[PDB]
Each structure stands twice: as C-alpha cells, then as structure tokens.
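Below is one structure, written out as structure tokens; the observations come after it.
2 protein chains.
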Amino acid sequence: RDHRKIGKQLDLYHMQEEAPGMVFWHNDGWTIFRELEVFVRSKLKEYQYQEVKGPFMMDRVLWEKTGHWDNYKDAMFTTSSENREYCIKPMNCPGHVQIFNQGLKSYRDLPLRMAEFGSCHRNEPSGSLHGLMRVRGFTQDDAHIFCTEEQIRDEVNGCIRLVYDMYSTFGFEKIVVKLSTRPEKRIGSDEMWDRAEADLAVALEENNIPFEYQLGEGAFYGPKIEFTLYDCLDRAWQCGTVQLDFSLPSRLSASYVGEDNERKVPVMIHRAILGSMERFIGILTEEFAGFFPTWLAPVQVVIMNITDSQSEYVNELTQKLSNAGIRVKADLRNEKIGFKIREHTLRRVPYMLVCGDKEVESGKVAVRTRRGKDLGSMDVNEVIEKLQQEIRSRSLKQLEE
Amino acid sequence: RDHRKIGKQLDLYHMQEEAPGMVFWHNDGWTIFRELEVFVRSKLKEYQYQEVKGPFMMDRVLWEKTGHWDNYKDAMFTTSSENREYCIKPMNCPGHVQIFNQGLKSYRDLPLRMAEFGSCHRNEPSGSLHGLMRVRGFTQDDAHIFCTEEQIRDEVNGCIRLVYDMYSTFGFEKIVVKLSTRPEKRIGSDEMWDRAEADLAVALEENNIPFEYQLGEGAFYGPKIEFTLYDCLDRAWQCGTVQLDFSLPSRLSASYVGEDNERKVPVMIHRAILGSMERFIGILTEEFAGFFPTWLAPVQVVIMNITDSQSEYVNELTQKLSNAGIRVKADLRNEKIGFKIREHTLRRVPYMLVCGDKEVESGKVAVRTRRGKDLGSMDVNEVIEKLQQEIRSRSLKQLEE
RNA sequence: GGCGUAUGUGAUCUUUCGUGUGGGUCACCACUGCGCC
RNA sequence: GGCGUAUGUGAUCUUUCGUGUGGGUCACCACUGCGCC
Ligand SMILES: C[C@@H](O)[C@H](N)C(=O)NS(=O)(=O)OC[C@H]1O[C@@H](n2cnc3c(N)ncnc32)[C@H](O)[C@@H]1O
Ligand SMILES: C[C@@H](O)[C@H](N)C(=O)NS(=O)(=O)OC[C@H]1O[C@@H](n2cnc3c(N)ncnc32)[C@H](O)[C@@H]1O
Ligand SMILES: [Zn+2]
Ligand SMILES: [Zn+2]
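Chains as they are written, first to last, in the entry's author numbering: chain A, 242 to 642; chain B, 242 to 642.
Rendered as structure tokens:
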C-alpha cells in the first residue's frame with residue numbers, strides 16, 4: 242500500500258501543517274532511519290570514507306561564490322544575526338570543501354572520500370510535496386570525492402558498484418538509469434561540461450548500464466547520473482545519484498600538491514547511494530508495504546502469554562532476548578491470545594512468540610511468522626541464534642522461508 | 242591544555258568566520274561525538290527511553306504559544322517560505338509534545354520517556370561564544386518525560402542518578418549543583434512555581450546533593466537543577482540539567498486519561514545528561530587533555546614497521562585488528578620508527594605497535610602505551626581480546642595501568 | 001472548516017479465554033474509517 | 001588586516017634507520033609556533 246498510510250499505520254511518523262514538508266520521526270520510524278545509517282556506515286567502511294558533519298548554515302557570501310545564490314537561491318532558506326546573513330544548507334558540498342581546505346593536501350591525500358549524513362533543507366514548492374518522498378527537510382547520505390582525474394574513472398565506478406551492491410540488499414527489481422545533461426543555468430565552461438558529461442556516459446556504458454539522457458537536467462554544477470526507483474503507482478523517483486563537478490572545487494579554491502610540487506585543483510565527485518533517508522525509507526515502505534525485513538523491523542519480536550500465569554516466563558524471555566540484542570517486546574495485556582496475534586500481525590512484527598503453560602515447562606517457545614506460518618515451538622537460544630543470524634545478515638527472508 | 246588547541250591539534254575539528262559559533266566536525270572529532278551517542282543510547286536503554294527526532298524548524302505561531310516568542314525570541318533564529326514564518330528550533334521540547342499529541346494517551350502510557358539527540362540553534366551574543374563550550378549551533382542529548390505528579394519524584398531521581406552514574410564513566414571529580422529559581426520572565430503562576438521549585442529542591446536534599454539557589458535563573462518555563470562541570474581554568478560550565486515544567490504541557494494542550502476516564506494534563510520533566518554534545522566534548526578534551534580513554538580515542542591503535550620489510554606483516558595486522566573492530570591504522574611511511582612513535586604519541590594514540598623483523602617471525606607485536614610504558618611484545622589475539630575488553634568496558638585506564 | 005458516528009481511540013466491569021479482533025457500561029474524536037452540512 | 005619566517009606544512013633526493021622527531025634541496029603560509037608593520 243501507500244507508505245503515507247503504512248506510516249500512520251505502524252506509527253512510523255507523522256506530519257503537521259505548522260511544519261510543512263518537515264517529518265516528525267516517531268520512535269519506530271526513527272529506528273528504521275537509524276538502522277539504515279548503521280547499514281550505510283557499514284558499506285562505506287570498506288571503501289574507507291571519512292564521516293564528517295558540517296554547519297547547519299553558513300554565510301550567504303559563501304553560497305554566492307559556489308553559485309547556489311545565483312541559481313538555486315529560490316529553493317534556499319535564510320536567516321541572519323546582527324552579524325551577517327546565512328542560508329540554511331541545501332547541500333553539504335560547500336561544507337565538505339571547507340573541511341577539505343584545512344591544511345595543505347598533497348596528491349597523496351587523494352582520492353579523498355568524505356561522507357556525511359547531511360541534513361538538508363529546501364523550499365520545495367507547496368504543491369510538489371509528498372509524504373517522505375518529497376519533503377522540505379531531509380537527510381542526504383552523501384559524500385564528496387576529491388581526486389585527480391585519472392582517479393575519476395575508478396572513482397565513479399566504485400560509486401556505481403556501491404549503488405547496486407547496496408540496493409541489492411533490499412532486492413530491488415526496477416533500477417533505471419538516466420544521465421541528466423548541462424541544465425539551463427550551469428556554472429562551468431561548455432568545454433568543461435563536454436568532458437564532464439562524456440566521462441559519466443563512458444562510465445555507464447563501460448559497465449553496460451542502459452540509460453537515457455535527461456537533457457537539460459543535472460546539477461547547476463555538473464552532469465548527473467540518476468538512479469531512479471519506483472513506487473506504489475510505479476512513479477519514478479530519483480534515489481541514488483553520481484555527479485561530476487568541475488567548478489566548485491575551484492570556486493572555493495581547493496588544491497593539492499602533485500609530485501611536480503605543483504598546485505592542482507582537485508576534481509570533485511558528488512554522490513548519494515540511498516539518496517535521501519526519508520525518500521528511500523518511503524520507497525522501502527512502498528515496496529515491502531509494511532513488511533520490513535527482520536533487521537529493519539521497528540519491532541522484531543513479540544512475546545505473549547496466553548493466561549496471567551506464564552506472564553512471568555514471558556518477561557523472562559523478552560529479557561533474555563533484549564540482551565540478545567533483539568528488538569523484542571512483551572504483550573502481557575489482558576487479552577485473548579487470538580487478539581494479540583491479530584493486532585501484531587497487521588502491525589507486521591516479523592515474529593510472534595506464544596507462551597502458554599505448555600511452553601513454560603519446556604523452555605520452548607511457540608514460534609510463528611507474521612505471514613502466519615506456525616514454526617512450531619522451539620528451543621529459546623535456538624530462536625535467538627537464528628534471529629541474530631537473520632538480523633546480522635540483514636536477510637529479507639525469515640526463518641523457514 | 243585548552244580544548245581549542247588540542248582540537249586543532251588532533252584534528253578534532255575547526256571553525257570559520259562565515260559560520261560563527263558553528264562547528265565543522267572533522268572526522269576524528271565526529272568519531273568522539275558519535276561514540277558518545279552510542280554511549281548515551283546504551284545508558285538510556287535500561288530506563289527505556291524512546292528516541293525520536295523533530296523538525297529542524299516549525300511555525301512561529303507555535304512558539305508564540307509555548308512562550309518562546311515572548312521571552313526568548315531574541316535568541317531565536319528565523320526563516321520563512323511564501324507559506325508562513327518559522328523559527329529554527331532552540332529546544333526540542335515543543336517538538337516532542339507534538340509527537341506526544343498523536344493519538345489518545347492514557348495514564349498507562351506514563352511515564353513517557355521521549356529522548357532525542359536534538360540539534361538546537363541559538364543566536365548567542367557574538368561576545369559570549371567560546372570553543373565547543375558556547376556555540377550558536379549544538380546538539381542536546383535531552384529528552385522530555387511526560388508523567389503524573391506522583392511520578393515526579395521517582396522520575397526526577399532517575400534523572401539525577403543517571404547524571405552521576407554516567408559522569409562517573411569519565412571519572413569526574415568536580416560536579417557542583419545549583420537550583421535556579423523562577424527567572425524574571427517565567428510563564429506559570431507563582432503557585433505553580435512554588436510547587437515546582439519545592440519539588441526539585443526536595444529531590445536534591447532527598448539524595449543529599451549539596452547545592453545553592455541560582456536565584457533568578459531557570460527556564461522561563463520552570464525551576465532548574467544545574468549540574469556544573471569545570472574546565473582548564475576551573476571555570477564553571479552548565480552541562481547536565483533537570484527542569485520541572487508545569488506550563489508547556491498545557492500550553493500545547495497535551496493530556497492523558499486517568500482510571501477516572503478523565504482528562505489530565507501531564508507533568509513534563511526536561512533533562513539532558515551530557516547537556517550538549519559539543520560542550521561536553523569540550524570538557525572531556527579539557528579534562529583528559531587529548532588523552533581520551535581507549536574507547537573514546539579517535540584512533541585507538543597504530544601499527545608501524547621498522548623497515549620496508551615487515552610492511553606487509555603490518556597491513557596484515559592492521560587488517561585483523563580492523564575486523565576486530567578496533568580503530569587502527571598503519572604507519573608504513575618511509576620514516577624512522579622513532580619519528581613515528583613521536584608523532585603519534587603527541588597525537589595521543591592509546592596504543593602503538595612496533596613490527597620489526599623480530600616480531601614478524603613471532604606473530605608477536607611490540608606493544609607500547611602512549612604514556613610510554615613499553616608493554617613488551619605480545620601475542621596478537623592477546624592484544625585484541627585485551628583491547629576489546631578495554632573498549633567494551635569504556636575503561637579509563639589502559640592495559641597494565 | 002464544522003458537526004456526528006463507529007469494526008476508532010481511551011477508561012472500566014465481566015472474561016482467562018490457546019493463534020487475524022468474547023460480552024457489557026462509560027468517554028471522547030486526538031488516531032483510523034464512515035457519514036452529514 | 002598585511003608582511004616574513006620556521007623545531008610549521010607539502011614536494012623531493014638521500015637514509016632503512018629499532019621506539020618523542022637522521023641529512024640536504026625546493027615550495028609555500030592552508031595548519032601550528034615565532035617575529036615585523
Ligand atoms: C549527492 C550530493 O553530494 C549532492 N550535493 C546532492 O545534493 N545531490 S542532489 O541534490 O541531486 O540530491 C541527492 C538525493 O537527495 C534526495 N533528495 C533530493 N531532494 C529531496 C527532497 N526534496 N526530498 C527528499 N529527498 C530528496 C534524492 O534521493 C536525491 O537523489
Ligand atoms: C533539557 C532540555 O529538555 C531543555 N529543553 C533545554 O533546552 N535545556 S537547556 O536550555 O538548559 O540546555 C541544556 C544543556 O544544553 C547545553 N547548552 C545550552 N546552550 C548551549 C550552547 N549555546 N552551547 C553549547 N551547549 C549549550 C548545556 O549543556 C545545557 O545544560
Ligand atoms: Zn554535493
Ligand atoms: Zn526541554
């Protein structure tokens with residue numbers, strides 16, 4: 242179904258009018274959000290990315306330089322103190338550059354992979370807003386790569402590979418590529434865009450990724466490979482993206498030293514795998530439709546007693562499981578077990594554990610997937626070791642399926 | 242020494258003028274920042290707190306209601322779209338209340354512990370700024386507790402206890418308490434503040450915490466227990482804090498159902514243990530003075546070869562250790578081992594591993610604390626198991642000290 | 001936007017009941033769905 | 001704010017050297033410290 246509903250459904254979040262296009266991440270939604278971060282971190286570790294964090298706003302003067310002010314100022318939010326006037330960051334590109342500029346960087350510091358779960362803000366037109374897909378305030382999972390241009394290849398490829406290798410974890414079928422070309426208001430010489438565009442295209446076809454030119458689209462600062470995923474109504478949504486920047490690195494004057502002990506402006510690659518935390522979450526919801534894989538489930542397990550007897554043996558287990566590091570909860574409520582199983586199933590809990598008198602003098606637990614498949618009572622540790630296995634591997638399929 | 246120095250020193254971060262009072266968290270500082278979160282999360286799990294996340298800004302109209310607009314508007318930042326005009330959040334109190342208002346809450350939903358690593362912004366006077374201690378843009382580790390007033394006690398105590406039990410991890414000696422009373426521009430009836438103040442005080446003395454009234458201080462919305470830690474120049478700095486709110490919950494009209502099936506406005510307790518991520522970090526730096534405990538160390542280990550030979554056996558180990566989940570790095574650079582040991586020691590790496598020909602045909606590693614104590618070569622797994630031990634327990638003392 | 005409902009939400013009496021909501025009373029519309037203006 | 005330096009940063013030749021910086025050349029002031037205006 243529609244994420245917006247499943248969201249209200251599973252208490253993943255909510256939104257209010259006094260905060261248009263601003264998400265009020267509820268506890269459970271958060272968990273998903275958060276759990277995604279840990280995932281990203283994980284994938285990035287291999288490729289050795291640096292995780293930074295930039296200012297929530299900088300001086301308007303800065304953006305004037307980058308170009309944002311002259312071709313984006315309409316989507317930019319702004320405040321100011323007695324001091325100057327600042328823009329709330331739309332992207333984290335400028336920021337990263339600043340951090341890059343501290344000190345003298347040699348070619349040997351390249352390629353420089355700097356990532357950040359950067360919180361952005363954009364004055365998206367009232368009309369264009371939509372659930373977690375198109376919001377005024379989101380969180381990119383981007384990074385920017387500083388590198389020589391011989392590095393551009395391997396560098397871009399690594400990105401691509403990362404997008405697929407990562408999306409694959411969610412088992413996405415529809416992944417269509419687009420290659421947006423020099424937009425109306427760009428900032429580099431055609432000569433630059435020529436190379437930039439070529440480079441990207443070459444990359445695609447060099448990995449045999451089929452695509453179409455998004456002609457007239459793309460960063461005001463460079464060509465842009467777009468990875469689009471689709472939703473409930475098979476509507477296209479841009480999620481991942483790899484952009485080749487030739488201006489900015491110079492505009493904010495960054496540079497490194499070659500062996501020729503010479504000043505060289507680095508090349509800068511923009512890129513976000515999931516794209517935007519809220520948007521990508523929206524898609525996951527859309528896909529699985531409330532059936533987030535065990536690892537990504539707000540609540541992973543539910544242990545319930547049949548009568549007010551085994552209620553202690555339930556607290557017992559919910560405990561052992563909580564230490565096991567499993568998002569578990571106990572439904573000891575005074576209700577018919579049938580009810581419990583109901584509520585939680587439309588709640589989507591990957592696993593439900595029934596504890597009746599029978600199981601108490603067994604140390605066993607009546608296991609049952611949300612899908613309904615009664616997995617039959619089984620050893621405690623057993624369920625744990627197995628759940629952990631399923632979570633640890635962020636596997637999509639549950640036990641016995 | 243002064244954090245501001247140690248910071249520039251260990252590349253923990255930097256600041257620029259176009260972004261006054263806004264931190265540019267560099268990779269290694271971030272690590273510390275981040276590692277603190279994981280710590281907070283941890284301590285909060287026990288007490289079962291919900292981790293949400295609110296809007297980076299809401300409608301001015303909202304704050305007019307809470308009171309912020311009429312007695313804080315000066316420290317508040319503001320932007321706006323065609324739509325309305327918003328204030329950048331100073332606190333996350335309002336937000337949390339919004340999230341609390343979704344649905345009908347019964348008394349049984351209480352006490353409601355809602356936490357968030359809420360990113361705040363305040364127009365602190367140019368003059369009052371100072372390193373990480375007093376910034377325009379920081380990250381509170383607060384939460385807000387919704388509860389009946391019989392719960393106020395146990396609730397506040399739980400906070401107190403949390404502050405100590407947590408601070409104790411860092412071995413803080415100077416922890417002085419203050420109890421700020423109804424400020425100039427408050428928002429509740431004296432009658433309310435009377436109770437509010439009393440309550441807090443009772444709490445303190447009930448736990449035998451010595452203190453002094455900060456008369457005239459305290460939230461425009463309630464009394465305020467202050468936990469002050471001291472820095473390099475033994476200057477007082479407010480870190481932890483527990484505030485008893487009696488207005489806001491009603492101002493934003495929140496309520497729960499008693500058994501009397503009746504509408505009751507909840508009592509709300511504000512509270513931040515570390516206080517502010519940046520500030521507390523500042524203090525840690527000041528204290529340890531660049532000697533962050535193993536668990537908190539931007540880099541925990543460094544493995545270096547003596548000659549270009551054992552260089553592979555180094556990549557070897559740095560690997561095994563990286564999988565061990567230890568922030569480790571290899572200094573294979575073409576330099577005298579003595580140099581390496583130097584640089585990294587003033588860099589503060591908790592541990593340095595020398596790998597010479599001798600150790601290559603031993604599988605052993607020449608271990609040596611940053612303090613200098615040569616721990617003598619020892620088994621690899623051995624060092625690992627031991628380091629993990631030290632990290633897992635966030636112990637302050639290193640191996641053999 | 002307003003009003004009213006309920007297989008909605010909450011309180012509550014009864015029920016103690018083995019796997020998609022047991023029975024009743026009261027409250028409210030904040031969530032969900034349905035009506036009316 | 002500007003200028004100049006180096007036990008500062010970078011490049012580089014030499015050095016391969018066992019635990020707080022080996023020797024030289026060049027570059028620059030972005031980091032750190034020191035000077036001058
Ligand atoms: C990739 C970054 O380094 C680059 N600076 C950048 O900002 N790229 S972007 O502007 O093309 O956006 C990256 C991704 O953010 C997400 N995103 C962009 N705008 C929004 C929005 N309004 N709401 C939600 N997600 C968004 C999309 O997944 C998009 O692919
Ligand atoms: C505790 C919260 O629920 C409450 N809303 C609140 O805002 N408390 S506060 O305003 O007293 O600040 C809490 C803590 O934030 C930190 N803090 C406040 N202002 C700043 C600042 N300008 N820079 C750095 N840290 C700050 C301090 O550690 C302070 O104790
Ligand atoms: Zn970018
Ligand atoms: Zn608060």
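Note that CB positions come from ideal geometry on N, CA and C, so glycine has one too.
Residue of the options minimising C-alpha distance to residue i
| i | options | result |
| --- | --- | --- |
| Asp-383(B) | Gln-257(B), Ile-273(B), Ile-510(B), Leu-562(B) | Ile-510(B) |
| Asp-615(B) | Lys-599(B), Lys-627(B), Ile-582(B), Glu-602(B) | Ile-582(B) |
| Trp-478(A) | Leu-370(A), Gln-541(A), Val-508(A), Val-543(A) | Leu-370(A) |
| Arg-589(B) | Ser-618(B), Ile-428(B), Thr-535(B) | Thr-535(B) |
| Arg-635(A) | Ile-544(A), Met-407(A), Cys-361(A), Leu-489(A) | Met-407(A) |
| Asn-333(A) | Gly-368(A), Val-293(A), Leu-351(A), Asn-364(A) | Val-293(A) |
| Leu-474(A) | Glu-528(A), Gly-597(A), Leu-637(A), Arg-427(A) | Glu-528(A) |
| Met-545(A) | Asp-269(A), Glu-600(A), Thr-380(A) | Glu-600(A) |
| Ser-494(A) | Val-506(A), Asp-501(A), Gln-484(A) | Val-506(A) |
| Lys-246(A) | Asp-431(A), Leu-373(A), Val-302(A) | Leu-373(A) |
| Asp-440(B) | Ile-466(B), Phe-379(B), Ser-430(B) | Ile-466(B) |
| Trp-266(A) | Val-404(A), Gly-378(A), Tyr-405(A) | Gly-378(A) |
| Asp-501(B) | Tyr-348(B), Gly-579(B), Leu-594(B), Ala-538(B) | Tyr-348(B) |
| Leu-351(A) | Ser-321(A), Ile-340(A), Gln-392(A) | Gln-392(A) |
| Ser-491(B) | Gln-339(B), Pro-451(B), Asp-311(B) | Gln-339(B) |
| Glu-390(A) | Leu-353(A), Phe-533(A), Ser-409(A) | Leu-353(A) |
| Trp-310(B) | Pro-331(B), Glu-323(B), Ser-321(B) | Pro-331(B) |
| residue 659(B) | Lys-286(B), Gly-597(B), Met-593(B), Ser-618(B) | For chain B, the structure presents residues 242 to 642; residue 659(B) sits outside this window and is missing. |
| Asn-342(B) | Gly-579(B), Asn-556(B), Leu-489(B), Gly-566(B) | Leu-489(B) |
First and last residue of the uninterrupted beta strand (DSSP E) at residue i
| i | result |
| --- | --- |
| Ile-466(A) | 465-471 |
| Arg-354(B) | 353-356 |
| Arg-609(B) | 605-610 |
| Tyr-327(A) | 326-329 |
| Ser-322(B) | It is not in any beta strand (DSSP E) - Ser-322(B) carries neither H nor E in the DSSP assignment. |
| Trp-266(B) | 260-266 |
| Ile-386(B) | 384-388 |
Cutoff 9 Å: residue i Cβ touching any chain A Cβ
| i | result |
| --- | --- |
| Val-264(B) | yes |
| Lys-561(B) | no |
| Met-298(B) | yes |
| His-362(B) | yes |
| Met-355(B) | yes |
CB contact check: residue i to chain B, cutoff 9 Å
| i | result |
| --- | --- |
| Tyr-497(A) | no |
| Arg-633(A) | no |
| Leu-303(A) | yes |
| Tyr-288(A) | no |
| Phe-487(A) | no |
Residue interval of the alpha helix (DSSP H) (run including residue i)
| i | result |
| --- | --- |
| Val-601(B) | 598-601 |
| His-371(A) | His-371(A) -> no alpha helix (DSSP H), and no H or E assigned at all. |
| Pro-490(B) | 489-492 |
| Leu-562(A) | 552-564 |
| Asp-431(A) | 431-447 |
| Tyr-408(A) | 393-408 |
Proximity below 9 Å, CB of residue i to CB of residue j
| i | j | result |
| --- | --- | --- |
| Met-298(B) | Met-263(A) | yes |
| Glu-458(B) | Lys-419(B) | yes |
| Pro-464(B) | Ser-367(B) | no |
| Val-281(B) | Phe-387(B) | no |
| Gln-381(A) | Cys-400(A) | no |
| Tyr-454(A) | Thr-482(A) | no |
| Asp-486(A) | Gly-523(A) | no |
| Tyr-313(A) | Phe-413(A) | no |
| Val-606(B) | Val-624(B) | yes |
| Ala-356(B) | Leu-251(B) | no |
| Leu-253(A) | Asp-243(A) | no |
| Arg-301(B) | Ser-321(B) | yes |
Sequence-ordered residues whose beta carbon comes within less than 6 Å of a heavy atom of ligand 4: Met-332(B), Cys-334(B), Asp-383(B), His-385(B), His-511(B)
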